[PDB]
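Residue numbers (full-length UniProt numbering), protein chains in the order written: chain A, 31 to 210; chain B, 31 to 210; chain C, 32 to 210; chain D, 31 to 210; chain E, 30 to 210; chain F, 15 to 192; chain G, 15 to 192; chain H, 15 to 192; chain I, 15 to 192.
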Amino acid sequence: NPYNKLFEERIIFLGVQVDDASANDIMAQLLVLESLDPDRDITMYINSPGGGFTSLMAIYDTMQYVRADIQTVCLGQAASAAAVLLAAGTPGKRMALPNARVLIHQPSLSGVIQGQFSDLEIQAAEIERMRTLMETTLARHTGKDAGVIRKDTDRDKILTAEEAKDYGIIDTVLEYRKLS
Amino acid sequence: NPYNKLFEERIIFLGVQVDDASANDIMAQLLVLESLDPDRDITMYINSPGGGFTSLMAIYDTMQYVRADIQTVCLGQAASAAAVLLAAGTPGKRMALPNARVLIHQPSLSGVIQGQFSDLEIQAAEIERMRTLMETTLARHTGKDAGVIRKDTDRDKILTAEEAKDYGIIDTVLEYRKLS
Amino acid sequence: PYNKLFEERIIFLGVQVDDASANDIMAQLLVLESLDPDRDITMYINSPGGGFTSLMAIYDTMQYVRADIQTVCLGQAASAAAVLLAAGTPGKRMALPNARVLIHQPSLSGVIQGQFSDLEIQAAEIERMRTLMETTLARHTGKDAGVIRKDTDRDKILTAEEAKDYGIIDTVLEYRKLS
Amino acid sequence: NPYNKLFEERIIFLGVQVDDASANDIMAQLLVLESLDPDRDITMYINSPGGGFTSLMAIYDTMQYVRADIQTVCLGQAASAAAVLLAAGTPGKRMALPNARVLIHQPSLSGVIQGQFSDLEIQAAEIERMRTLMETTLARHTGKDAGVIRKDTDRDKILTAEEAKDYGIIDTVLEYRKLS
Amino acid sequence: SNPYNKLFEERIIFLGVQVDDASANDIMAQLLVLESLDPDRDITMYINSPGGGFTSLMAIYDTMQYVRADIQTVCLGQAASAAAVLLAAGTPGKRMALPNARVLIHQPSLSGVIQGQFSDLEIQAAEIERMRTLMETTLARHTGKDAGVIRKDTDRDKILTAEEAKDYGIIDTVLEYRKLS
Amino acid sequence: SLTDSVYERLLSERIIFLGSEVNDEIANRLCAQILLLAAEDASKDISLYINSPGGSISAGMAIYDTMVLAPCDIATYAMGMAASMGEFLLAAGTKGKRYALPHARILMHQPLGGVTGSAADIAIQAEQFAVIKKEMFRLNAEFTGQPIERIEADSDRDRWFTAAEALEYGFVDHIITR
Amino acid sequence: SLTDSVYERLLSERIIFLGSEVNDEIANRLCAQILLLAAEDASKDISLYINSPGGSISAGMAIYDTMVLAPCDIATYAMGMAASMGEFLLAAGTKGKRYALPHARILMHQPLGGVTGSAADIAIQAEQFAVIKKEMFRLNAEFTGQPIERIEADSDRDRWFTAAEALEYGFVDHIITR
Amino acid sequence: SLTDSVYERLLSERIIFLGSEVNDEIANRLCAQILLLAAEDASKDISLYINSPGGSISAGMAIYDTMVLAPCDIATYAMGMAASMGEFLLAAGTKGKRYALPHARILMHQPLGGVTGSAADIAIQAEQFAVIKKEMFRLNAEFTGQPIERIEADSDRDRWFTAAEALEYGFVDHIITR
Amino acid sequence: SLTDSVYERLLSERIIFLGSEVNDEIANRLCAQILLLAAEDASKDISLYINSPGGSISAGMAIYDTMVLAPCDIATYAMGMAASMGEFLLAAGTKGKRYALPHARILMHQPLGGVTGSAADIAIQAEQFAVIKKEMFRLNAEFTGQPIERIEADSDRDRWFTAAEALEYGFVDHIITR
Ligand SMILES: CC(C)C[C@H](NC(=O)[C@H](Cc1ccccc1)NC(=O)c1cnccn1)B(O)O
Ligand SMILES: CC(C)C[C@H](NC(=O)[C@H](Cc1ccccc1)NC(=O)c1cnccn1)B(O)O
Ligand SMILES: CC(C)C[C@H](NC(=O)[C@H](Cc1ccccc1)NC(=O)c1cnccn1)B(O)O
Ligand SMILES: CC(C)C[C@H](NC(=O)[C@H](Cc1ccccc1)NC(=O)c1cnccn1)B(O)O
Ligand SMILES: CC(C)C[C@H](NC(=O)[C@H](Cc1ccccc1)NC(=O)c1cnccn1)B(O)O
Ligand SMILES: CC(C)C[C@H](NC(=O)[C@H](Cc1ccccc1)NC(=O)c1cnccn1)B(O)O
Ligand SMILES: CC(C)C[C@H](NC(=O)[C@H](Cc1ccccc1)NC(=O)c1cnccn1)B(O)O
Ligand SMILES: CC(C)C[C@H](NC(=O)[C@H](Cc1ccccc1)NC(=O)c1cnccn1)B(O)O
Ligand SMILES: CC(C)C[C@H](NC(=O)[C@H](Cc1ccccc1)NC(=O)c1cnccn1)B(O)O
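What follows is the structure in structure tokens.
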């Protein structure tokens, strides 16, 4: 496959909705490439709409765990969890294509989860723990103050790649090799 | 596959919802790796939302049966059934990534099961036998007193990895090999 | 990993006992009879059961083969699967210590309609299925079938340590490492 | 596959619902084994719930056509068409396992077929032609008088294997090779 | 190798399923390959089909009439609607059927309602009469009947036993068993 | 309601409507209306206007028996469509009092049904379908005055009639044009 | 309504209708109507016209018990169809007052049901199905005057009757033709 | 309506109907009717005719409490079917005034329910199912006069009664045959 | 209707029913009935009979505010089931006039809800769930006379009461037995 040629040249590929199926694939891909060459950089292509916080922090911790530096590249979209994974690459790395759409926003619940108010006090203490962790993670990777991340991810914050570089999500906007 | 490279280096991979399909795979993976090297440690990666008690205790008994010590590693989530399997690893082992979400809670019935009150007296004596077994299992693996497990798993108890180490679910929070 | 288990003569029940699963296990039981008729077939059971003719298809085949059947309950042997768990050879029939053996009388999944002469026969069959399930689970447990009828009146969940006292299994399987 | 090892030793396998897909497979299996060894007996394993009359008489005519004698073996169930195919084996053959369930009953229409009363006069003359053919077929293979077959298949007639031998469906109840 | 591949190696195409655009396209591919392999050795056609589809019928029909190889049609358990026309479409001196085969001839139908203006439906009815007349013309030069007899007989479902599909001209011989059993 | 109020005021003028598919609910309504109107005046005609796509045989046989056993003459009126049981109950009116409106269409066809169940059940259903179809054809032969062989031949598939063709065939006695 | 208004005016003339499937809602309606009409005049007949495809045994046993315990004579009228519980409640009318309209059809067949649940539940359901079927056959033997062996034999599958065949068999006492 | 009009006229004659599944809507209707009829005449009997397949425990306990606290004697009538809560409210009638129609069937069985939620919720539901089943058996033991051990044994699965068997068992006091 | 006619006649006798789930439609009906009955006679008691599985907090707070601000004393009656908002509005009756029928069951449990939306929305919902649960527990502590710590402890999961246990706990003031 063309994906197998990318993985042979150490490019993991996010591509799809970050869920339990997609996170488990990427962590398997990150650890194999750590075992093949622990000193050669893994490249991560991100065209994902995000979603899923434990699937985020499964991918996030694994790409922070491996000895190989992660070169994240945003393709067309890094929305929600995928924008956190985009900032999760190594400093001096974390490219994005010039018309990529970085979308940061606070965690949500997809649909209503029912329960007693003691059950919902805990599902809300968790979604604030998920929110604070999403803002703490996106602060040491962007250089922001977490409180700025909280004010900015209050709503959907769509970043163009040229202003995701100013935000600290990425470090360089990826110049084209041919003008075309 | 990248999963085949993980299994070649003796890493079983939970990954998905613990059900009859997923438990049967992991038990097949645990016994093959016992037959290949009974003295070399099986590593278990857990990114599961849990569910299923007999599928839990199928995986649980098999990873306790094999001569190989089980190194459980929580990836992004170990939520009930999977958090019991996370504590089910060998002491001196049982890692978790720093943003893993350990979720312990008492057994439930997914949906309503109907019947006569003599049928439901038995489905409730079983869900208390399932509850007591889940608290007895999570007591000799965490060092708690089962009554503390019963008071704590009364509701959803979400543990961060740093406080799942204090709880006894895991033994060390897994430091990153590169800072990134 | 299933092929490595089958190479070492371990059939694997695993799923809901139906016409698809019974036909697989009978194919697996007869191949292993042809490979080594004197070496024991091991049967791993993690099934929720269901299906009586799929039960008695697996049951008769594991009784037919010359190889002794070592049944091992993994996490669950329910309905038809607990009968298959007792269907192993005496001196065999292990179960893991937190296995859940569930014996109960046969049921009809959903309503089957018909005239009362049609339903007199579907009920004479579900009593023939019930009596056969209690007769089968009596010569494999050493009980008196009437005790099986009183015990499988409702769901009887057995822990592995009390499925050994019941006669479903013969030994509760000790762990090789403490861990 | 284990089925391929059975077919290599000349065992066709009914297994599933007798329909147009299953009948076409068995007729392909019966003719290949006629071409391989026309003098060595084809064994037919039957665990089917039956159904389908033209799929029955497709299998029935083919296992009567081939030069190889057909050894039918009922596994757990020979219901409806399956029980006619069970009786369709060669005399001196037609085994059944001791807890097999032979179920003979008259043909039915699965669901309602609509139409004018001239259309339904023909769909009923056919279901009586199907009924008479099912009773004529099950008379020269059981030694009954067809009128006895009509009185017995008036309703569902479930036969135990020991009383399907007395009925003439099978010729011997298959003794176990090991007691176990 | 599948058992179907062993049948196709010995030049047996196999109808088997509902005659539709998927099944007709397979059989025409099978008929032309076997024409290219041996154009002088007979293709055998096994028919256990419930029929259906008129352009899928006449796709199979024209191809088994086109090929130089004589077609030996064999009805297995059922030849209904389009499949009974394909059963009669074999070569004379051929066209077997098993003794309990069910040959079902009936006039073309529309599966479900097709809507439209009455000028649209005048044409969908002139076509279903063109389909009916073609089904009766085709089943007349292969059965020796007079098309008007075919029209009177396929007015309703006409189920033929194989012994009376031979008297009807659908098949030419009822296939005797090689062993009594 | 409004529609029930107009029907009630025409029930007072002894005008009842078979205006839908003849099922048991519409039949028991009409049978109740014919019993109610025959109890009020046993000598005045009941006008049954039929705009019906047909319906159940036994539902229309309930209406037909209530039409016959009413001492009133049931004047029937083909109004737009008298198909199946609608043509039956149209032709079931009092002789001399079966009317077709000039653009009503009459559909005589053999009864529809469905066979299901076991082959012994279907052998009984077809035995009863032959009984129902013979009596439905016998009554259409009695109503129209046609032979039962012509009724069986014409009502083999859908046999449509205009108001003029139904007058010649015998379903109606007059085509009213006012 | 209109349909309720015609039924109410026939309720005033002591004419009630079993015009649908005998479920508990129609049975409790008829049981209420028989109790209401037996309270008004305890000596005038109640005319129960039956256009029914059958229904629940216990619903029709509610009607049958209300028919018997009413001091009124319940004249029953087979109107189009009296299948299952409809034939039962038809034959359950007062002797001498069970009528078939001349084209009503009578369907006597053994009760339908469904078994479900565990094998100890089904053994109770079939024990009770044998009780229901024996008492349903005993009452059809009492109504028709046929032996219970003939009722059990004929009502094994669907056994259809015309109005003339039901008169010979014993479901009705007269075929009214007015 | 018609059905509501016949029920209203029997409400005027102090005859109420438990004619469906005992849910909260039918229970609050009957509880309102018993409160309405006990307010009109506090000394005349209320006739509760029961054609019921059972229903909610708490809905039927609302009816049972309204039956007991009414100063009227609630005459109950097993009409066709008194199953589950229907048998309970039948046997809950005034002693001497619990009637079975001769072909009514009585179904005494232990309550149905459903467990759901977490294991601490189910431990509460089963604690409450043991409370409900003990009090349901205590009251059926009080009504029928049977021991609570016999009520618990017989009402373990479906235990069907005819009218004669329910008279011996104690659900009804008379089998009325008029 | 019939059911509306019996409820209207008990509305004339100042008896209203909370007989279903407390949603806004039933609450606005009861709030309208309490406002209507307090306008007719401002000194006669309103009898609120409660057969309720609980319901919306704000719907039952509408009823509770209409109960308090009515100059009438709202006598509440646990009839079969007073769960959730049903137990709340039962215990919300006038002190001395909160009644349990002897087999009514009382279910006190903490409120159910659902969180959804973004984490800033859920932080507001949980802030408001803590406000609702504190005020629901404060009022159940005010009604029953129990401490708010005992109300919070007992109403953590489902806490069932019989009529005698609810009398000891404080939901009702009397168990009426007439
Ligand atoms: C920046 C990220 C963390 C924000 C968005 N992710 C989430 O909030 C996701 C969306 C989601 C998925 C399933 C169920 C509920 C909610 N949050 C979660 O994964 C989640 C899971 N359990 C509880 C609470 N939140 B995004 O990735 O869509
Ligand atoms: C460690 C224990 C608590 C495992 C937990 N899982 C459960 O609670 C699951 C949820 C479930 C799944 C299927 C059917 C019914 C209930 N418990 C069970 O597997 C289960 C199965 N049968 C009866 C009772 N509980 B957790 O949520 O993963
Ligand atoms: C060990 C024995 C009792 C197996 C039991 N199996 C059953 O109850 C199953 C459940 C079922 C499945 C499909 C259709 C109807 C019913 N029993 C049967 O297989 C069955 C099949 N046909 C008629 C009657 N029972 B198990 O559920 O206890
Ligand atoms: C051996 C005899 C009793 C066949 C039995 N089943 C049937 O009668 C089957 C069931 C069925 C399937 C499809 C459509 C209608 C009916 N009969 C037929 O195959 C069939 C097909 N077309 C018309 C009439 N009957 B049994 O289930 O195999
Ligand atoms: C041998 C001839 C008559 C084949 C007959 N086939 C048909 O009746 C089929 C049924 C059908 C399928 C799809 C769409 C519409 C109608 N006739 C046709 O293929 C067809 C297709 N388009 C227009 C009209 N008829 B068979 O059913 O008798
Ligand atoms: C009137 C006759 C000649 C033609 C048609 N009538 C019938 O055959 C009706 C059509 C219908 C209506 C409702 C439900 C099912 C079927 N068929 C019957 O009532 C019927 C069918 N089979 C046996 C007994 N009665 B027409 O009314 O559509
Ligand atoms: C009247 C008798 C002889 C024949 C038929 N009656 C029944 O068996 C009907 C079947 C039915 C009807 C409506 C809803 C559900 C079930 N009686 C019953 O309700 C029934 C069914 N099984 C056991 C006891 N009673 B008929 O009414 O269809
Ligand atoms: C009266 C008793 C002994 C027998 C049966 N009762 C019940 O099972 C009914 C079941 C039901 C019925 C209708 C709506 C909701 C629930 N009992 C209950 O309401 C119930 C169920 N679980 C817990 C507490 N009460 B009856 O309804 O068949
Ligand atoms: C009433 C108190 C004592 C406890 C329970 N409350 C609730 O379940 C109800 C749930 C409900 C019920 C019906 C319609 C809408 C919402 N609580 C609420 O109304 C509610 C829910 N979320 C926020 C604020 N109020 B009970 O009603 O089940």
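Ideal Cβ placement from N, Cα and C applies to all residues, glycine included.
From the beta carbon of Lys35/C, is the nearest beta carbon of chain B less than 8 Å away?
The sequence position of residue 35/C within the third sequence is 4, counting from 1. So yes, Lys35/C belongs to the interface.
For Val36/I, is the classification buried or exposed, using 16 other Cβ atoms within 10 angstroms of its Cβ as the cut-off for buried?
To locate residue 36/I, count along the ninth sequence from 1; it is residue 22. With 16 or more Cβ atoms within 10 Å of its Cβ, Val36/I is classed as buried.
List the residues of chain G whose Cβ lies closer than 7 Å to the Cβ of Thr158/H, in chain order.
Reading the eighth sequence from its first residue, position 144 is the one you call residue 158/H. Per Cβ cutoff of 7 Å: no residues; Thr158/H is ~19 Å from chain G at best.
In the DSSP output, which residue or residues are listed as bridge partners for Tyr75/B?
Locating residue 75/B in the second sequence gives position 45, counting from the first residue. Partner residues in the beta bridge of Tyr75/B, as assigned by DSSP, are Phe43/B, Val103/B.
Test: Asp186/B CB closer than 8 Å to a CB of chain A:
For the purposes of this step, residue 186/B is identified with residue 156 of the second sequence, where counting begins at 1. In terms of beta-carbon proximity, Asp186/B lines the interface with chain A, with at least one pair separated by less than 8 Å.
Spell out whether any CB of chain C is found under 8 Å from the CB atom of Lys208/D.
As a first step, residue 208/D is located in the fourth sequence; it is residue number 178 there, counting from the start. Under the Cβ distance rule, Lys208/D counts among the residues neighbouring chain C, one pair being separated by less than 8 Å.
Cβ-Cβ separation, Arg40/A to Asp67/A (assumed contact under 8 Å), whole Å
In the first sequence, residue 67/A corresponds to position 37, counting from 1. In the first sequence, residue 40/A corresponds to position 10, counting from 1. Between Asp67/A and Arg40/A the beta-carbon gap is near 7 Å, inside 8 Å, which marks them as a contact.
Is the shortest distance between the beta-carbon of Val129/H and the beta-carbons of chain I less than 8 Å?
In the eighth sequence, counting from the first residue as 1, residue 129/H sits at position 115. With 8 Å as the cut-off, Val129/H does not count as an interface residue toward chain I.
List, in order along the chain, the chain C residues whose C-beta lies closer than 9 Å to that of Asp170/G?
As a working note, residue 170/G is residue 156 in the seventh sequence. Correct list: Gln146, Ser148.
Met74/B beta carbon less than 8 Å from that of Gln101/B:
Numbered from its first residue, the second sequence carries residue 101/B at position 71. Numbered from its first residue, the second sequence carries residue 74/B at position 44. Pairing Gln101/B with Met74/B gives a Cβ-Cβ distance under 8 Å.
Could you check where the alpha helix (DSSP H) with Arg159/B kicks off and where it finishes?
Locating residue 159/B in the second sequence gives position 129, counting from the first residue. Residues 147-170.
May I have the straight-line CA-CA distance separating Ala126/B from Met87/A, to the nearest angstrom?
Locating residue 126/B in the second sequence gives position 96, counting from the first residue. Locating residue 87/A in the first sequence gives position 57, counting from the first residue. Going by the C-alpha atoms only, they are around 12 Å apart.
Since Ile88/H and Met150/H should fall inside the 8 Å C-beta cutoff, what is the C-beta to C-beta distance between them, to a whole number of angstroms?
By 1-based counting over the eighth sequence, the position of residue 88/H is 74. By 1-based counting over the eighth sequence, the position of residue 150/H is 136. No, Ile88/H and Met150/H are not in contact; Cβ-Cβ is about 19 Å, not under 8 Å.
Would you check if the distance between the CB atom of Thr120/B and the CB atom of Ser210/C is smaller than 8 Å?
For the purposes of this step, residue 120/B is identified with residue 90 of the second sequence, where counting begins at 1. For the purposes of this step, residue 210/C is identified with residue 179 of the third sequence, where counting begins at 1. Between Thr120/B and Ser210/C, the CB-CB gap stays under 8 Å.
Since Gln94/D meets chain L, which of its residues come closer than 7 Å, beta carbon to beta carbon?
The structure shown contains no chain L; its protein chains are A, B, C, D, E, F, G, H and I.
Closer than 7 Å: is that where the CB of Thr84/C sits relative to any heavy atom of ligand 3?
As a position in the third sequence, residue 84/C is number 53, starting the count at 1. Result yes, Cβ under 7 Å from ligand 3.
Per-residue burial, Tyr33/A [other beta carbons within 10 Å of its own, 16 or more giving buried]
In the first sequence, residue 33/A corresponds to position 3, counting from 1. A residue is called buried when at least 16 other Cβ atoms come within 10 angstroms of its Cβ; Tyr33/A does not meet this threshold and is exposed.
Quick one: list the residues of chain H neighbouring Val186/I, beta-carbon separation under 8 Å, in chain order.
Here residue 186/I refers to the residue found at position 172 of the ninth sequence. The premise fails here: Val186/I is roughly 13 Å from chain H at the closest Cβ pair, so nothing lies under 8 Å.
Determine, using beta carbons only, whether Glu151/D and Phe143/F come nearer to each other than 8 Å.
Against the fourth sequence, residue 151/D aligns to sequence position 121. Against the sixth sequence, residue 143/F aligns to sequence position 129. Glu151/D is a Cβ neighbour of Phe143/F, given a cutoff of 8 Å.
According to DSSP, which residues form a beta bridge with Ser132/H?
Within the eighth sequence, residue 132/H is the residue found at index 118, counting from 1. Paired residue(s): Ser138/B.
Check whether the segment 98-107 of chain I and the segment 133-147 of chain I touch, using three or more Cβ-Cβ pairs below 8 Å as the test.
Taking 8 Å as the limit for Cβ pairs, the verdict is that the segment 133-147 of chain I does not touch the segment 98-107 of chain I.
I'd like to confirm something about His117/H: is its beta-carbon nearer than 7 Å to some heavy atom of ligand 7, or not?
Translated into the one-based positions of the eighth sequence, residue 117/H becomes position 103. Ligand 7 never approaches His117/H closely enough for any of its heavy atoms to be under 7 Å from the residue's Cβ.
Looking at the structure shown, is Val48/E part of a helix, part of a strand, or coil, going by DSSP?
Looking up residue 48/E in the fifth sequence gives position 19. DSSP places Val48/E in coil when its eight states are reduced to three.
DSSP-derived helix/strand/coil call for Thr183/D
As a first step, residue 183/D must be located in the fourth sequence, where it is residue number 153. The answer is coil: DSSP assigns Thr183/D none of H, G, I, E or B.
Could you tell me which chain E residues have their CB closer than 8 Å to the CB of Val142/D, listed as they occur along the chain?
Sequence index remark: in the fourth sequence, residue 142/D carries index 112 (1-based). Going along chain E, no residue has its Cβ under 8 Å from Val142/D, so there is no contact; the nearest lies around 16 Å.
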